[PDB]
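Colleague: Sharing target_38.tsv here; it has TSV, C-alpha atoms and all ligand atoms.
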chain	number	residue	atom	x	y	z
V	1	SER	CA	-50.53	-9.23	73.28
V	2	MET	CA	-50.77	-6.01	75.38
V	3	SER	CA	-47.82	-6.06	77.89
V	4	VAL	CA	-46.82	-9.54	76.84
V	5	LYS	CA	-43.79	-9.66	74.55
V	6	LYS	CA	-41.31	-12.23	73.33
V	7	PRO	CA	-37.71	-11.45	74.27
V	8	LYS	CA	-36.40	-8.48	72.17
V	9	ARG	CA	-34.30	-9.63	69.24
V	10	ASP	CA	-31.28	-7.36	68.64
V	11	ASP	CA	-32.29	-5.75	65.31
V	12	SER	CA	-29.65	-2.95	65.53
V	13	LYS	CA	-27.33	-4.57	62.90
V	14	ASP	CA	-29.98	-5.54	60.33
V	15	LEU	CA	-29.49	-2.46	58.18
V	16	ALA	CA	-25.73	-2.99	57.88
V	17	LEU	CA	-26.14	-6.68	57.33
V	18	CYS	CA	-28.70	-6.36	54.52
V	19	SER	CA	-26.37	-3.73	52.94
V	20	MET	CA	-23.60	-6.29	53.01
V	21	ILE	CA	-25.73	-9.00	51.47
V	22	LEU	CA	-26.87	-6.59	48.77
V	23	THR	CA	-23.26	-5.61	48.02
V	24	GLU	CA	-22.45	-9.31	47.57
V	25	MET	CA	-25.43	-9.66	45.18
V	26	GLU	CA	-24.28	-6.62	43.17
V	27	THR	CA	-20.74	-7.91	42.67
V	28	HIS	CA	-21.69	-11.49	41.69
V	29	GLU	CA	-20.74	-12.13	38.07
V	30	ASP	CA	-24.37	-13.18	37.23
V	31	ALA	CA	-25.94	-10.00	38.63
V	32	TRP	CA	-25.84	-8.11	35.30
V	33	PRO	CA	-29.44	-8.69	34.37
V	34	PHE	CA	-30.60	-7.26	37.75
V	35	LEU	CA	-28.33	-4.29	38.32
V	36	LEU	CA	-30.64	-1.66	36.83
V	37	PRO	CA	-34.33	-1.36	36.09
V	38	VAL	CA	-35.51	-3.13	33.01
V	39	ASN	CA	-35.99	-0.49	30.36
V	40	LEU	CA	-39.72	-0.43	29.81
V	41	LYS	CA	-39.55	1.53	26.60
V	42	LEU	CA	-37.25	-0.99	24.99
V	43	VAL	CA	-38.54	-4.27	26.30
V	44	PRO	CA	-41.98	-4.96	24.79
V	45	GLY	CA	-44.49	-6.73	27.14
V	46	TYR	CA	-42.54	-5.99	30.27
V	47	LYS	CA	-44.57	-3.09	31.57
V	48	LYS	CA	-47.92	-4.80	30.97
V	49	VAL	CA	-46.91	-8.13	32.32
V	50	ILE	CA	-44.64	-7.33	35.25
V	51	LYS	CA	-46.83	-5.41	37.63
V	52	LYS	CA	-44.09	-4.61	40.22
V	53	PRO	CA	-40.68	-4.23	38.60
V	54	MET	CA	-37.66	-4.40	40.97
V	55	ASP	CA	-33.87	-4.36	40.59
V	56	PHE	CA	-30.76	-4.15	42.76
V	57	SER	CA	-30.20	-0.39	42.24
V	58	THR	CA	-33.76	0.31	43.31
V	59	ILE	CA	-33.39	-1.92	46.36
V	60	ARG	CA	-30.18	-0.10	47.18
V	61	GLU	CA	-31.86	3.31	46.88
V	62	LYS	CA	-34.75	2.14	49.09
V	63	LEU	CA	-32.35	0.72	51.63
V	64	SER	CA	-30.14	3.82	51.98
V	65	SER	CA	-33.17	6.07	52.32
V	66	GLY	CA	-34.86	4.18	55.16
V	67	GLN	CA	-37.69	2.76	53.05
V	68	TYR	CA	-37.58	-0.79	54.47
V	69	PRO	CA	-39.39	-0.93	57.72
V	70	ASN	CA	-37.81	-4.25	58.57
V	71	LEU	CA	-35.86	-7.35	57.46
V	72	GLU	CA	-38.65	-9.08	55.77
V	73	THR	CA	-39.70	-6.17	53.57
V	74	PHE	CA	-36.12	-6.18	52.23
V	75	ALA	CA	-36.21	-9.97	51.50
V	76	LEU	CA	-39.57	-9.54	49.79
V	77	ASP	CA	-38.04	-7.01	47.28
V	78	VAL	CA	-35.07	-9.22	46.61
V	79	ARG	CA	-37.33	-12.21	45.96
V	80	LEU	CA	-39.50	-10.04	43.72
V	81	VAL	CA	-36.47	-9.51	41.43
V	82	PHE	CA	-36.24	-13.28	40.85
V	83	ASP	CA	-39.97	-13.91	40.72
V	84	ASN	CA	-40.14	-11.25	38.01
V	85	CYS	CA	-37.20	-12.88	36.20
V	86	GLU	CA	-39.00	-16.19	36.24
V	87	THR	CA	-42.21	-14.70	34.98
V	88	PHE	CA	-40.55	-13.14	31.93
V	89	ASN	CA	-37.61	-15.39	30.90
V	90	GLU	CA	-37.33	-19.04	30.04
V	91	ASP	CA	-35.50	-21.26	32.49
V	92	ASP	CA	-33.19	-22.32	29.62
V	93	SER	CA	-31.93	-18.83	28.86
V	94	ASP	CA	-28.90	-16.92	30.13
V	95	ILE	CA	-31.07	-14.52	32.15
V	96	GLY	CA	-33.31	-17.38	33.35
V	97	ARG	CA	-30.22	-19.25	34.63
V	98	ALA	CA	-28.82	-16.05	36.25
V	99	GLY	CA	-32.02	-15.66	38.20
V	100	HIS	CA	-32.03	-19.15	39.61
V	101	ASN	CA	-28.33	-18.80	40.53
V	102	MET	CA	-28.80	-15.40	42.24
V	103	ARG	CA	-31.83	-16.59	44.23
V	104	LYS	CA	-29.92	-19.59	45.52
V	105	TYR	CA	-27.02	-17.30	46.33
V	106	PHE	CA	-29.29	-14.89	48.23
V	107	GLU	CA	-31.25	-17.46	50.17
V	108	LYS	CA	-28.09	-19.04	51.63
V	109	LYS	CA	-26.75	-15.70	52.78
V	110	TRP	CA	-30.17	-14.88	54.18
V	111	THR	CA	-30.27	-18.12	56.17
V	112	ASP	CA	-26.66	-18.00	57.41
V	113	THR	CA	-27.07	-14.38	58.47
V	114	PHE	CA	-30.50	-14.27	60.13
V	115	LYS	CA	-31.34	-17.88	61.09
V	116	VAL	CA	-27.86	-19.12	62.26
S	1	LIG	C1	-34.03	-9.16	33.56
S	1	LIG	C2	-35.18	-9.28	32.59
S	1	LIG	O1	-36.16	-9.99	32.77
S	1	LIG	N1	-35.08	-8.52	31.51
S	1	LIG	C3	-36.08	-8.48	30.46
S	1	LIG	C4	-35.82	-9.67	29.52
S	1	LIG	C5	-34.73	-9.28	28.53
S	1	LIG	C6	-34.83	-10.15	27.28
S	1	LIG	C7	-33.42	-10.34	26.71
S	1	LIG	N2	-32.93	-9.04	26.14
S	1	LIG	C8	-33.42	-11.41	25.68
S	1	LIG	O2	-33.02	-11.11	24.57
S	1	LIG	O3	-33.82	-12.57	25.92
Write the structure described by the file as structure tokens, please.

Modeller:
Amino acid sequence: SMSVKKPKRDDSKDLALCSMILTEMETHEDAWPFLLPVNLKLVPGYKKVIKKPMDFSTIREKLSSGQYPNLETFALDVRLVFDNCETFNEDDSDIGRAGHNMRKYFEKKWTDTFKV
């Protein structure tokens, strides 16, 4: 509360660390469905259904331009990519399997990096 704070976590490396994680996401062989925005003119239903589209290039742009106030807002965008994927694609589809794989991949990195 006022004048009463938990010990200050060193947040000085977060930006570099999230960049690293994102670079690992981008180079994974199953990233291809998530590298660029879904093309809303060419994918019927997507615009109507998926209220907040998100993709790795957009996350990258937001990151490099200081648009994530903190760690968690970055994780929320990454998770949104996979929540969107789940909403639109069947689990038993190539893109549905990519999404599950990439989420698992992300959450382990997230844990190893920010929760020891
Ligand atoms: C990443 C994502 O959800 N893209 C939209 C779904 C694409 C559908 C794909 N072209 C298909 O044929 O199943």

Colleague: Figure out the distance between atom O1 of ligand LIG 1 (chain S) and atom CA of residue 34 of chain V, please, to one decimal in Å.

Modeller: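 Straight-line distance from atom CA of residue 34 of chain V to atom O1 of ligand LIG 1 (chain S) works out to 7.9 Å.
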
Colleague: If we count only C-alpha atoms and set the cut-off at 8 Å, which residues sit around segment 52-63 of chain V, ignoring sequence neighbours fewer than 3 positions away in its own chain? Please answer as a short mmCIF file (atom, residue, chain, number, x, y, z; two decimals) with C-alpha atoms, in the coordinates of the input.

Modeller:
data_model
loop_
_atom_site.label_atom_id
_atom_site.label_comp_id
_atom_site.auth_asym_id
_atom_site.auth_seq_id
_atom_site.Cartn_x
_atom_site.Cartn_y
_atom_site.Cartn_z
CA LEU V 15 -29.49 -2.46 58.18
CA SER V 19 -26.37 -3.73 52.94
CA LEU V 22 -26.87 -6.59 48.77
CA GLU V 26 -24.28 -6.62 43.17
CA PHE V 34 -30.60 -7.26 37.75
CA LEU V 35 -28.33 -4.29 38.32
CA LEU V 36 -30.64 -1.66 36.83
CA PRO V 37 -34.33 -1.36 36.09
CA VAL V 38 -35.51 -3.13 33.01
CA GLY V 66 -34.86 4.18 55.16
CA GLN V 67 -37.69 2.76 53.05
CA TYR V 68 -37.58 -0.79 54.47
CA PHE V 74 -36.12 -6.18 52.23
CA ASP V 77 -38.04 -7.01 47.28
CA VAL V 78 -35.07 -9.22 46.61
CA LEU V 80 -39.50 -10.04 43.72
CA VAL V 81 -36.47 -9.51 41.43
CA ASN V 84 -40.14 -11.25 38.01
#

Colleague: Using all atoms listed in the file, which of the listed residues (V:16, V:75, V:43, V:25) sits closest to ligand LIG 1 (chain S)?

Modeller: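 Ranking V:16, V:75, V:43, V:25 by distance to ligand LIG 1 (chain S), first place goes to V:43.
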
Colleague: Show me which residues sit within 12 Å of ligand LIG 1 (chain S) when counting all atoms listed in the file, and put them as a PyMOL selection string.

Modeller: chain V and resi 30-47+49-50+53-56+80-100+102

Colleague: Using the selection just defined, write its residues with C-alpha atoms as a PDB file, in the frame of the given file.

Modeller:
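Listing of part23.pdb after writing:
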ATOM      1  CA  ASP V  30     -24.370 -13.180  37.230  1.00  0.00           C
ATOM      2  CA  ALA V  31     -25.940 -10.000  38.630  1.00  0.00           C
ATOM      3  CA  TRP V  32     -25.840  -8.110  35.300  1.00  0.00           C
ATOM      4  CA  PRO V  33     -29.440  -8.690  34.370  1.00  0.00           C
ATOM      5  CA  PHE V  34     -30.600  -7.260  37.750  1.00  0.00           C
ATOM      6  CA  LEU V  35     -28.330  -4.290  38.320  1.00  0.00           C
ATOM      7  CA  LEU V  36     -30.640  -1.660  36.830  1.00  0.00           C
ATOM      8  CA  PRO V  37     -34.330  -1.360  36.090  1.00  0.00           C
ATOM      9  CA  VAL V  38     -35.510  -3.130  33.010  1.00  0.00           C
ATOM     10  CA  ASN V  39     -35.990  -0.490  30.360  1.00  0.00           C
ATOM     11  CA  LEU V  40     -39.720  -0.430  29.810  1.00  0.00           C
ATOM     12  CA  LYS V  41     -39.550   1.530  26.600  1.00  0.00           C
ATOM     13  CA  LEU V  42     -37.250  -0.990  24.990  1.00  0.00           C
ATOM     14  CA  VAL V  43     -38.540  -4.270  26.300  1.00  0.00           C
ATOM     15  CA  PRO V  44     -41.980  -4.960  24.790  1.00  0.00           C
ATOM     16  CA  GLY V  45     -44.490  -6.730  27.140  1.00  0.00           C
ATOM     17  CA  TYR V  46     -42.540  -5.990  30.270  1.00  0.00           C
ATOM     18  CA  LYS V  47     -44.570  -3.090  31.570  1.00  0.00           C
ATOM     19  CA  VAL V  49     -46.910  -8.130  32.320  1.00  0.00           C
ATOM     20  CA  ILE V  50     -44.640  -7.330  35.250  1.00  0.00           C
ATOM     21  CA  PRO V  53     -40.680  -4.230  38.600  1.00  0.00           C
ATOM     22  CA  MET V  54     -37.660  -4.400  40.970  1.00  0.00           C
ATOM     23  CA  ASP V  55     -33.870  -4.360  40.590  1.00  0.00           C
ATOM     24  CA  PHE V  56     -30.760  -4.150  42.760  1.00  0.00           C
ATOM     25  CA  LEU V  80     -39.500 -10.040  43.720  1.00  0.00           C
ATOM     26  CA  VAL V  81     -36.470  -9.510  41.430  1.00  0.00           C
ATOM     27  CA  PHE V  82     -36.240 -13.280  40.850  1.00  0.00           C
ATOM     28  CA  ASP V  83     -39.970 -13.910  40.720  1.00  0.00           C
ATOM     29  CA  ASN V  84     -40.140 -11.250  38.010  1.00  0.00           C
ATOM     30  CA  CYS V  85     -37.200 -12.880  36.200  1.00  0.00           C
ATOM     31  CA  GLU V  86     -39.000 -16.190  36.240  1.00  0.00           C
ATOM     32  CA  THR V  87     -42.210 -14.700  34.980  1.00  0.00           C
ATOM     33  CA  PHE V  88     -40.550 -13.140  31.930  1.00  0.00           C
ATOM     34  CA  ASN V  89     -37.610 -15.390  30.900  1.00  0.00           C
ATOM     35  CA  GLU V  90     -37.330 -19.040  30.040  1.00  0.00           C
ATOM     36  CA  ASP V  91     -35.500 -21.260  32.490  1.00  0.00           C
ATOM     37  CA  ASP V  92     -33.190 -22.320  29.620  1.00  0.00           C
ATOM     38  CA  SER V  93     -31.930 -18.830  28.860  1.00  0.00           C
ATOM     39  CA  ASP V  94     -28.900 -16.920  30.130  1.00  0.00           C
ATOM     40  CA  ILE V  95     -31.070 -14.520  32.150  1.00  0.00           C
ATOM     41  CA  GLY V  96     -33.310 -17.380  33.350  1.00  0.00           C
ATOM     42  CA  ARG V  97     -30.220 -19.250  34.630  1.00  0.00           C
ATOM     43  CA  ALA V  98     -28.820 -16.050  36.250  1.00  0.00           C
ATOM     44  CA  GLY V  99     -32.020 -15.660  38.200  1.00  0.00           C
ATOM     45  CA  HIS V 100     -32.030 -19.150  39.610  1.00  0.00           C
ATOM     46  CA  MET V 102     -28.800 -15.400  42.240  1.00  0.00           C
TER      47      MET V 102
END

Colleague: Please, what distance in Å, to one decimal, runs between atom CA of residue 79 of chain V and atom CA of residue 6 of chain V?

Modeller: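 Rounded to one decimal, the two atoms are 27.7 Å apart.
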
Colleague: I'd like the box whose edges run along x, y and z of the file and which contains every listed atom of segment 80-83 of chain V, padded by 3 Å per side; could you state its centre and edge lengths in Å, one decimal, as AutoDock Vina command-line options?

Modeller:
--center_x -38.1 --center_y -11.7 --center_z 42.2 --size_x 9.7 --size_y 10.4 --size_z 9.0

Colleague: With segment 103-115 of chain V as the partner and 10 Å as the cut-off, tabulate the residues of segment 3-76 of chain V that qualify, each row holding the nearest pair of atoms and their distance in Å to one decimal, using all atoms listed in the file, sorted by chain and rising number, as a Markdown table.

Modeller:
| residue | atom | partner | partner_atom | distance |
| --- | --- | --- | --- | --- |
| V:14 | CA | V:114 | CA | 8.7 |
| V:17 | CA | V:113 | CA | 7.8 |
| V:18 | CA | V:110 | CA | 8.7 |
| V:20 | CA | V:109 | CA | 9.9 |
| V:21 | CA | V:109 | CA | 6.9 |
| V:22 | CA | V:106 | CA | 8.7 |
| V:24 | CA | V:106 | CA | 8.9 |
| V:25 | CA | V:106 | CA | 7.2 |
| V:28 | CA | V:105 | CA | 9.1 |
| V:71 | CA | V:114 | CA | 9.2 |
| V:75 | CA | V:110 | CA | 8.2 |

Colleague: Find the distance between atom CA of residue 1 of chain V and atom CA of residue 72 of chain V and write it in Å to one decimal.

Modeller: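 Result for atom CA of residue 1 of chain V versus atom CA of residue 72 of chain V: 21.2 Å, one decimal.
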